[PDB]
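Q: Please work out how this folds:
(9 chains)
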Amino acid sequence: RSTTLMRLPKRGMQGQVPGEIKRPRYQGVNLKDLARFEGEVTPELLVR
Amino acid sequence: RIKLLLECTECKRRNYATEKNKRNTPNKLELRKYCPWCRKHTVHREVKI
Amino acid sequence: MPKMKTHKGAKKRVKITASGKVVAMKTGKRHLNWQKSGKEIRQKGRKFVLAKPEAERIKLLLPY
RNA sequence: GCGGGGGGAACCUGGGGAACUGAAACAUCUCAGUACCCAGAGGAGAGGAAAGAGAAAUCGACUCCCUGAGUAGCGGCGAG
RNA sequence: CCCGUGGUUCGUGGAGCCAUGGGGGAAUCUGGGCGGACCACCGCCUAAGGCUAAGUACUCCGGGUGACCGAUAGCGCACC
RNA sequence: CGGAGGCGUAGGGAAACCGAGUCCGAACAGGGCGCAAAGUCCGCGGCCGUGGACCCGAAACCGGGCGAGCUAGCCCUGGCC
RNA sequence: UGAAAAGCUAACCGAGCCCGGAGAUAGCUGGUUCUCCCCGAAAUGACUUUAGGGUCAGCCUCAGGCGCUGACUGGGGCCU
RNA sequence: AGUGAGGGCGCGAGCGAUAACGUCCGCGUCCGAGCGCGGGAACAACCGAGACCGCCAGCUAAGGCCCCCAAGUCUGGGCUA
RNA sequence: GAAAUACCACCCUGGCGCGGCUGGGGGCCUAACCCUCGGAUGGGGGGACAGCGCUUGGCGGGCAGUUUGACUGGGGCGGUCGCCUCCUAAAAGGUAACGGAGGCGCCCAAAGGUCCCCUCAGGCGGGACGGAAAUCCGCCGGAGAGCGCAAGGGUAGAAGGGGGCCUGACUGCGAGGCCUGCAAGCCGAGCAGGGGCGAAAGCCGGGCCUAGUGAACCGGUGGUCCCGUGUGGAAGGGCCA
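A: Numbers count the residues shown, from 1 in each chain, chains lettered A, B, ... in the order given. Below is the structure:
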């Protein structure tokens, strides 16, 4: 019951611009190092 | 198909607006008016088959 | 073993906010006939009907 | 002077290959390359060193397990 | 490479690669298919021969274990 | 003990993306929010989806075989009226 | 096959019999099992190749929270 | 989670012949699904009445009291025969 | 004269010249192929045909596999199946019935805007071409004539009759409500851009309103200028109209 406007065509290989929601709040509230953390150091980080 | 055929308005190459219309009485005669999103309002014209 | 949404559904609009809801193009009428015209064409935001949109939901649950 | 042939519960490769039921009808579709007829190598064959992957100036035989998403997608884009 | 078809998550599609039934019909490493229908790029691999081990399958047959069965359940079949 | 993962951990959009903001948009007007009000895992259990899924129940369709001492036919060959 | 009615085709072939898909399919009928305790359904709506079926609406039950909000009654507007 | 069809009675319109234990809709009750007791002879839905279980207890509905069967063959005043 | 004439330029028409492309058809062979010979691997008849391989278009029950609706005081044949209006809905609203009735599946380019004016049929009385009924005069009138189209509502304190000027029958949108379980369909102040009718107090996001209507898929066109399966583009494709 309804046309549509979302079409995901004949394929399988998309690009990227990595949208991982991370929070300066978890960070500074209590799990960080106020200057250098980097994606690399975020394991524990609940944003990966 | 009856004296009722559907046309629509387009404006001086800077847009096109729509709406149906007819055929009967003054047939073709088709300037009209209307305003596109071109500029802020603007003539438009109409015609367009 | 895994069910997986009326993929179809997920596809044909059919969208969810993990909050607890979904929507489809207003889809009230539009993008079809319409020797309609204007003001009428005012209906293309988005929409959602409650109650019913459960089946939708659990069919989907797993991805979309 | 050799060889085969003849078997064999199931597994196995290729050969050829179907309606139901679903799609609450049903003709694309579906079950499916599934059931079954066959030929044949085994003790297991199958595949097995890349005109591959994949895009990072990267990997590196083939096979099987977990994951890869049931997403990427295939479609009277419907059952599936 | 033209159409006639198989594969493949592809059911006809902008639909690629391998694969063949018809007609055409060649290149030796400036070679030639492959990433993007296709065109200009870079990149990739080296095709149209050959051999086999090892890790998943299978259960005739043997051994063993069973919040698996007791004679109308268990294999139907515990014994000419 | 094995730490490829999948679920959380903002999301808003067809996307480009932006980002707790956001798409429409030239519109300061609405809808997805923001709002954590943490889930995530193990179990036990009401419960669907696929699998025959309370149980036995049909006309029949399809595959491979089984039979002319079944029966009718036709062939060969004696006999009897 | 068939001096053909739809005949006979291992004792009832209008499309044989055994095994197989398969435990086909079955909105239709049957059948649907210890005790006791609470509540208490509807047997109507809406569109449906549905119409003895079904999706959503109406009524029910168990759990959270609101917690004086309810049928009905008094009274006073403004509706028939 | 279950019914997705049901009937009866009263009133109000259809219809039908203003016929039917007909069928259409609505207000109510109903009966199923409790509606198992009284009851009217006995009778799912007509008047009474809600049965958690006892009583060799008493008051009552409806509707009853010559008898068959609990209860005045009461009293009072008539009118039919 | 519409043109001017030599001799040198290019370019055409041509019914005929010639040349490259290719379409149509008529003749014994011949060696593949077929039948072949008649007692031999050599002869004979046919032979570029049709046999035959593949692709082409078309006849085509002979065959196959499906389907050929629901309602309805049985089935079928008959009716009928979407929407508006009136009755019965019994006075809120709101409900069957093979219950009564009766319309629509158009359009109106200007019946779409606004400013300015006007104001019925019909009764009567008097009148040229009349002449039951035009056209004009004279009175009278809960407005019963009127409003494309059916009914019903409304309603000339006109939505109705006439003139002027004009496009909003605008995009962006809407708060908050009608009804409805679904989706529907429907009502709308006000903010923005932008105009149009008056000088303006303001009306205009189609009509006087209740019927002229159709999901979803699929695909088209006018965008856009979002995506592109290494990158540039592109087949192709996402949202708008």
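Q: from here on, contacts and neighbour counts on C-alpha atoms
A: Noted.
Q: closest point of chain C to chain B, which residue?
A: residue C:37 (4.4 Å; C-alpha to the nearest C-alpha).
Q: Near the residue nearest to that residue when sequence neighbours are not counted, how many other residues are there?
A: Computed as C-alpha to C-alpha, 6 or more residues apart in numbering or on different chains, the closest residue to residue C:37 that is not its neighbour in sequence is residue B:19, at 4.4 Å. Close neighbours of residue B:19, defined as other C-alpha atoms under 10 Å in any protein chain shown, add up to 14.
Q: Adjacent strands (with direction) for the one helix or strand residue B:19 maps to?
A: With secondary structure defined by DSSP states H and E, residue B:19 is part of strand B:16-23. Strand pairing for strand B:16-23, determined by DSSP bridges: strand B:4-11 (antiparallel).
Q: Now tell me what touches the partner strand from outside.
A: B:16-24, B:34-36, B:43-49, C:35 (C-alpha atoms under 8 Å, 6 or more residues apart in numbering or on different chains).
Q: Any residues of chain A in contact with RNA strand F? List them.
A: Selection of chain A residues close to RNA strand F by C-alpha under 7 Å from any atom of the strand yields A:5-8, A:16-23, A:45-48.
Q: Of those residues, which fall within the contact range of chain C?
A: Among these, proximity to chain C is found for A:5, A:6, A:7 (C-alpha under 8 Å from any C-alpha of the partner chain).
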